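To keep things clear, I will list the structure first and then write my remarks on it.
Residue numbers (my numbering), protein chains in the order written: chain V, -3 to 47; chain C, 28 to 328; chain W, 57 to 147; chain X, 1060 to 1141; chain U, 41 to 205; chain G, 2 to 746; chain P, 816 to 863; chain A, 16 to 166.
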């Protein structure tokens, strides 16, 4: 009841080294949006860095 | 050095719903963990709903039973809404017997040693005569999500209801500003859930966080018969045990039975264990029969 | 993913039934019940030879007992402590 | 495959495209000829239009290859006889 | 006796040099097996067949045992004491009968069983031919190549089996 | 008989009843068709007859007519419109004598209306009948104008009389453009009954006329006290101030359980009364299909929001949460009838028995020992229901081919399978099997099983008629012998059938006991002769087709839920194919927590001018706000005083209105049960052209703690961040139509 | 796909063998048109 | 069948249900099944797709892939009312039709129905891809105005 489908990233189809396109499959129904939204808000809002 | 959320206060303001509280959070993580845990709690939580009903004198679910003012279909809906906890089983069979004028409440079920009804005032149907009695068997099991009847019964007396294995109803988070601990720009995440009594709230938030951290684990920190017996990963003695009977390919070992090899003392006790270790991969010694050497894929060209 | 994972490490039956409950007629239950037996476990506690040595059971009651023992749930020649098996425990 | 625009840029009629690609797909499917471009398990129609886009097939080259591989068969028959 | 019984037996398509009464008994046992397949009492279907009249009957068994399973064919020695211990352990002593049941499939299955019985009628002829001339020395012609078995066909509708071992 | 049977059988006007709804019955029976013999034809005429003349006002409805090839020819008659003595149409008016609107009704025809001058329906008048203006809008000779105060001669009766009963159940009709009101009335006729029909939160008060004045509910004939409620029957004990002297009398209503309608819906009747409950003359006892407590509940009322949501509601589409399909609330129940006849051909008749060639255990496990499927066997698409084999034909006789055909007393023999099968695609559960036998043919074992079953049912039913009416008769004897030679202990010492020879002189009471003895002996001999006649009706054969042995009819009962592709629609013309059944989490929720159920498309409103659906949405949200406040004041176990306070404030709330209820005469137990019925929302009537204005909706949205403008700010389910510019949510009453997608594909 | 019976049996064999190809033939309903016009006094034919 | 939206589509492809896809493509599935070697006679293949086992859906996704279909709304008035798409299989029973293309068909979604036709032969697949594909009809033939205007 706890063992879902657990994914692994199937390919990293990348253009030049500061740009990439990373896919993920298979995810349980409705989890694509929650992982996309979690990773999107964490990357776009709060990362460590210098400028 | 991000501040980590820790559960602080679980305000069980009523029997169904509670208000768990997470504190502290850096700014931005409030809406992130709020939407994430809301979507996990509504999506997939282990519930304990009902699957099969067998009323005694009822053939199909569209019939009517003599002495109960609701149809058998309405009895199935009222049993579909039954809120029940199970403790140490996969599935369980509850038994109901009731006789006499009046309602058949949900507290009239003969409870087992682990099943616990959480709302005993739940009406099922109304018996309406002095000698007119229902006597049913109810099947309650674990699950996840919504498993209808059309996807998944062998006699004609079973009745399949739909299965809404879902304990929660309404999850609402409300982020708000945080006081001292001597630092501002911190947030509090207050989640008011709405359970039907079958799931403890801290257990719900713990299973939701376990499911989400399991999802982020993805990116966080015969050729054996055609090959020679000597080409096997085992030692040379395991190959020599078979080779003593003038065998060079493992296909010849697969052509002969294991009982026929055990009837010859050329193989040893450790050679039998090595043969078992080789046959554990099921590529050789599977009790097959060949023409002499060649299968059809093993053809001469 | 490392940040989001570090932000979650602070969370993660035939014998027990009565003789009268049997599918057979009331006479088949009453034949066993004449020896002050109420549960079929008491029938399984006693041997079939011991029941055949008492005339309280009849010729048709013997056939009914054979029909009940054809399912092999009762009258299989067992011996209990008094009533309870280990699965039949008091809680 | 989405558009067939360059397959019309190289064969300007847009109706001769269908004849040349049908002739090519019939040579690749039943006649058992290899595709001249490496496929990606595409069907023979898209491989035909993909050969049209490279330019290595049109009606001129198909007539050249049918005349040469008919003369080759009759030459093999004549050298087998005499 | 619908006199149709004595016109379907003598086909005689593929049946001659073989036991006639035994084939009749085997077809009778097949029909009683079908009758016991649509029944409930899990026992043995014994057909009793007459040679002089042709007509037959269907008896049920009681199958003397020291056990309780197959309970419509379950008997014992203490129950044999009412028979004055005349039954022994193990026997298939019959003590019941049955009557009749009609259907087009009932005769169809019977005909299918009779077709197999008549064909058994095309297998027993080659099941004695091999031993008809001691250990011959019998030429054969491979007709079909089975898995680890070579089937051959001889004259007078004969079939042989070659073991690869 | 040939002439009258050809007219009632196949005419151009004797047509098959569109019966899937109480509304569809009661508006198909009220139809003024122009076609048929003696009238015009569709593909020829014309222009003028497809147009509403100025004298359809109050006789023929202007907005309920079928669009398509015959508009204006299949007119529907209005609400108050009677028919004159000669055959013309006539409509009520109120005789406005020189100053005062007199409350007498007065029927005018179509040519008497033209000479006089008629005031419009909603003209303001101050408590006496004096018209409060000095210019009043009227119509003189087919032409509307503005006339003086006291040159008027008639006023309309009520403001609902221009429309029909199809298009007077539409709330806020005066706000919809007439095309969208036409499409809304036509689709409200085309609805389907759901599994548990709810109620309209925003109705017009016309639901009880359409429900009671049709024939789907079980209206009480004589009032009294209920004695025995059951899912099958309902027994009313008739009150003594409504009761005949003879024929002692307690009524039995045999309800109509699950049976086939004409449109393959499921015409059910459910009992809605409790036990021991008083009922009045002219009152509902058993709800029918798409009814609830005597009202008319076609579809169900759901939480709707108007916002564009990621393209999935592009043209007219509808987007529905999984919370709707989990609650089993559009799950309609359909019933298909599958017939199988046993004809009479050459080589002999057919066989229905289960001894069948070419089949094995896996087919025949779902049949009994005589071919017919069980009652209750849940089958799939393509199983065998009735096994039927015909004369295949000996043709070529082989060894075994011609063999035994002789050994069996059944010449068929191999046969040609022609068994009835479930048509490929549909599931179901066999609920009812009928077997009819042409007389002379041997009944098989299952036909004798059905004969014993119906003999047993009719035997039990007539014996219970005798027992129940004898119980009422003995209760009458006990009620008479309370006075005049009463025996308090001696009454139950003797057997009950002799309650007549006790000590009592020649009075009205011994006369009444003699009359009840006459009734009792009549019931005895009547029960004898009627049980003999009913055994005759069950035992006899039936006249049938030329050359048929027996007819087997099997009723499959499919349960069709909802899926992407069905058609749902509101009551204003807002159609739509439901396009995606989302999960619960993706729905836009608000700052309380509740997800919205359905996300419509806003862009259908300014072009397709049906602005009434937004007022219906706001008033439905007001109704549910009052229902949520009742649920909050009742879930906290509050005493009846605060419930009385709040229900009284929610029932006053308006201008000079008609309702004027008070809860001070409900006596502390009905108020709890009225709040038990109001906790899922408070029903609100809004009559057609005299409806609830904007300020009343605002004042009712202020009684609940909802926002005044009707718009809540809504969060998103995917992103979890707020939608800008707060959106409109509320409750709309949406109907499932029976243009499903697994009937067209 | 519609009318020619020998054409569609050739088509079904050609589809289950992988050869996408049609042998055209004539619509049979055009032969029905010829028989209905020919059943009058009219003599319709097919030249060459 | 009845149409519905499905806005995730690219405008050369349309959604087509699995049940309709397994019925319209029975001979291609038969040919594919006979090529692999899973079965022998044609009967076996018809029993396999009558039972709908677990292996025929991969066969179906391998007969769909580059094979256009002709969608057609029932009152076809001009030539943009027959357009060829590539199928994308749909759990469901409704044709998912890309929204921009709707302005060509005069197709709203108020209960409309469309017919699908399969180009059998090879010249017809090429005519569906090279003349009648929905990417090829982006200008109305009555004038110069684009017909894939956003609605």
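Backbone N, C-alpha and C fix where the C-beta goes; we use that ideal spot for every residue, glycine too.
Taking the alpha carbon of residue i as the reference point, which residue from the options has its own alpha carbon closest?
i: residue 623 of chain G; options: G:646, G:723 and G:682; result: G:682
i: residue 126 of chain C; options: C:216, C:34, C:157 and C:87; result: C:157
i: residue 41 of chain C; options: G:638, G:663 and G:746; result: G:638
i: residue 135 of chain G; options: G:126, G:141, G:579 and G:143; result: G:126
i: residue 256 of chain G; options: G:247, G:246, G:268 and G:264; result: G:268
i: residue 183 of chain G; options: G:547, G:128 and G:66; result: G:66
i: residue 251 of chain C; options: C:245, C:261, C:244 and C:243; result: C:261
i: residue 132 of chain U; options: U:101, U:56, U:79 and U:204; result: U:101
i: residue 203 of chain G; options: G:232, G:115, G:248 and G:297; result: G:297
i: residue 190 of chain C; options: C:77, C:64 and C:285; result: C:77
i: residue 295 of chain G; options: G:217, G:279 and G:687; result: G:217
Please report whether the beta-carbon of residue i lies at a distance below 8 Å from any beta-carbon of chain U.
i: residue 426 of chain G; result: no
Would a check of beta-carbon distances place residue i closer than 8 Å to chain V?
i: residue 242 of chain C; result: yes
i: residue 70 of chain W; result: no
i: residue 659 of chain G; result: no
From residue i to residue j, what distance separates their C-alpha atoms?
i: residue 596 of chain G; j: residue 582 of chain G; result: 14 Å
i: residue 712 of chain G; j: residue 23 of chain A; result: 30 Å
i: residue 186 of chain G; j: residue 566 of chain G; result: 22 Å
i: residue 132 of chain G; j: residue 676 of chain G; result: 41 Å
i: residue 1104 of chain X; j: residue 1086 of chain X; result: 11 Å
i: residue 858 of chain P; j: residue 850 of chain P; result: 10 Å
i: residue 201 of chain C; j: residue 593 of chain G; result: 9 Å
i: residue 141 of chain G; j: residue 115 of chain G; result: 7 Å
So is residue i in contact with chain C if we call contact Cβ pairs under 8 Å?
i: residue 11 of chain V; result: no
i: residue 276 of chain G; result: yes
Taking CB distances under 8 Å as the criterion, tell me whether residue i reaches chain P.
i: residue 42 of chain A; result: yes
i: residue 136 of chain A; result: yes
I want to see whether chain W comes within less than 8 Å of residue i, judged by CB atoms only; does it?
i: residue 16 of chain V; result: no
i: residue 32 of chain C; result: yes
Hey, is residue i's beta-carbon within less than 8 Å of any beta-carbon in chain A?
i: residue 1101 of chain X; result: yes
Any beta carbon of chain G sitting closer than 8 Å to that of residue i?
i: residue 60 of chain C; result: no
Examine the ligand FAD and report whether any of its heavy atoms sits within less than 7 Å of the Cβ of residue i.
i: residue 603 of chain G; result: Ligands in the displayed structure: none, and consequently the ligand FAD is not present.
Practice problem: Can you give me, in chain order, the residues of the segment 819 to 842 of chain P that have a beta carbon less than 8 Å from any beta carbon in chain A? | Solution: 826, 827, 830, 831, 832, 833, 835, 836 and 837
Quiz item: If contact means a Cβ-Cβ distance below 7 Å, which residues of the segment 569 to 594 of chain G contact chain B?
Solution: No chain B appears in the structure shown, which is made up of the protein chains V, C, W, X, U, G, P and A.
Practice problem: Give a yes or no on contact between the segment 589 to 606 of chain G and the segment 658 to 665 of chain G, applying the rule of three or more CB pairs nearer than 8 Å. | Solution: no
Quiz item: Are the segment 431 to 440 of chain G and the segment 192 to 210 of chain G touching, with three or more C-beta to C-beta distances below 8 Å?
Solution: no
Quiz item: Quick one, which residues of the segment 17 to 37 of chain A are near chain G if we go by CB-CB under 8 Å, in chain order?
Solution: 17, 18, 19, 20, 21, 22, 32, 34 and 35
Self-check item: Cβ pair count under 8 Å reaching 3, the segment 700 to 710 of chain G against the segment 164 to 183 of chain G
Solution: no
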